[PDB]
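A.B. asks: Sending over a structure as structure tokens; questions will come in a sec.
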Amino acid sequence: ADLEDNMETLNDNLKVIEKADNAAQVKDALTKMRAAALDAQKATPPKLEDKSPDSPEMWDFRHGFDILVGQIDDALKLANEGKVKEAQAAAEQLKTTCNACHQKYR
Ligand code: HEC
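The authors' numbering numbers the first residue of the sequence shown as 1 and each following residue consecutively.
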């Protein structure tokens, strides 16, 4: 799907994690964020449409997602350890990554 769709998926699932009823719901949401994040990483955002694929900007753009996926995976580990609250806390920390990217490229 396109960048926008992927972003909506991330935002939607993040709020799901915050509402987190059970471990299952947090894991499902995190898993969907993982896929959406990796999918988004392959797109070319509007602000960089005129830039080369190998440009420093694009690599920086792609880097933002490497960080997000790492954080998501770490939250996944916590969730699969049965530590649901810590995993939700970790999901909250993710926001810093979202905001950083939006500042430069949104
Ligand atoms: C860069 C590496 C990004 C990371 C990490 C995240 N987002 Fe993002 N987001 C990015 C761009 C360039 C844009 C503009 C997309 C466009 O062309 O319209 C966005 C936009 C959003 C939006 C609003 C627009 C929409 O999705 O329709 C939301 C709701 C959004 N992003 C949420 C979001 C969340 C929750 C993230 C972290 C968990 C996140 N984004 C990361 C680039 C990047």
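Note that the Cβ used here is the ideal one computed from N, Cα and C, for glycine as well.
How long is the line joining the alpha carbons of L48 and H63, rounded to whole angstroms?
C.D. replies: Each residue's alpha carbon lies about 14 Å from the other.
A.B. asks: Report, in whole angstroms, the separation of the C-beta atoms of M33 and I67, which I expect to be a contact under 8 Å.
C.D. replies: That belief does not hold up - the Cβ atoms of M33 and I67 are roughly 13 Å apart, past 8 Å.
A.B. asks: Let me have the residue list for ligand 1: C-beta closer than 6 Å to any non-hydrogen atom, ordered along the chain.
C.D. replies: Those satisfying the condition are, in chain order, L3, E4, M7, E8, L10, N11, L14, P45, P46, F61, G64, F65, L68, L94, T97, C98, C101, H102, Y105, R106.
A.B. asks: Can you tell me which of the three DSSP states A43 falls into?
C.D. replies: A43 falls in the coil class under three-state DSSP.
A.B. asks: From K83 to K95, what distance separates their C-alpha atoms?
C.D. replies: Taking the straight line from one Cα to the other gives about 20 Å.
A.B. asks: On the CB-based measure, 16 or more other CB atoms within 10 Å of its CB, does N13 come out buried or exposed?
C.D. replies: Buried, because 16 or more other Cβ atoms sit within 10 Å of the Cβ of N13.
A.B. asks: Going straight from the alpha carbon of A24 to that of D74, what length do you get?
C.D. replies: In a straight line, the C-alpha of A24 is about 16 Å away from that of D74.
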